[PDB]
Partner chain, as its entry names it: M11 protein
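Have a look below at one chain only, the form solved without its partner chain, in structure tokens format.
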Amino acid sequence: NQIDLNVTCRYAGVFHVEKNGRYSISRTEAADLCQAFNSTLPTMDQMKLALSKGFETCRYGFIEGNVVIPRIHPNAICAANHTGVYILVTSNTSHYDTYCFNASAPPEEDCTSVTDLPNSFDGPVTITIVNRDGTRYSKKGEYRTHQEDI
């Protein structure tokens, strides 16, 4: 009963979260996950500012209203060489990664580690925050509030 949450640097408060290293988060679970980080799904404007500060990924994730990939450098296999906040238009499927926005983060690039899930609630899941440098913080808890997600 274990969940790995892979987290990135924050850029103007925005970061990327991947559950168990594969696209596996519903829109409802994404909201709950950011909430556990005392964060919200970013708005498009928040994501655009994060991009301008140096945020890019190669993964689809939820923001408020859309599923996107922020791109700085054109790469053929990441949003098909697009740059900017690339918006997913056509897909059959409902599960992706998520982005989250923490208003308390630093204004620009913050590539320090994440060492807590400050707003998770009581629960039986071993939840592990995994940073890109491999540093880990684990706690027993839960964040999912929708039955269909568990």
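C-alpha atoms forming the largest set that superposes within 1.5 Å between two forms make up the rigid core. Residues that one form lacks are left out of the comparison. Positions refer to the first chain, counted from 1.
Another form exists, solved in complex with its partner chain; not displayed. Remarks below refer to it.
Using a 4.5 angstroms limit between non-hydrogen atoms, residue 82 touches its partner chain in the bound PDB entry. In the bound PDB entry, its partner chain lies within 4.5 Å of some heavy atom of residue 88. With the partner omitted here, the stretch from 88-96, 35-43, 118-126, 48-56 that lies within 4.5 Å of its partner chain by heavy atoms in the bound PDB entry is 88-96. Along 117-150, a non-hydrogen atom within 4.5 Å of its partner chain in the bound PDB entry is carried by no residue at all. Once the two forms are fitted on their rigid core, between this form and the one not shown the CA displacement reaches 2 Å or more only for 91 among 81, 119, 91, 43. Whereas the displayed form keeps them at a certain spacing, the CA atoms of residue 32 and residue 92 lie at least 3 angstroms closer in the bound PDB entry. Whereas the displayed form keeps them at a certain spacing, the CA atoms of residue 46 and residue 92 lie at least 3 angstroms closer in the bound PDB entry.
Displacement of the C-alpha atoms by 2 Å or more across three or more consecutive residues between this form and the one not shown, following core superposition, is confined to the single run 89-93.
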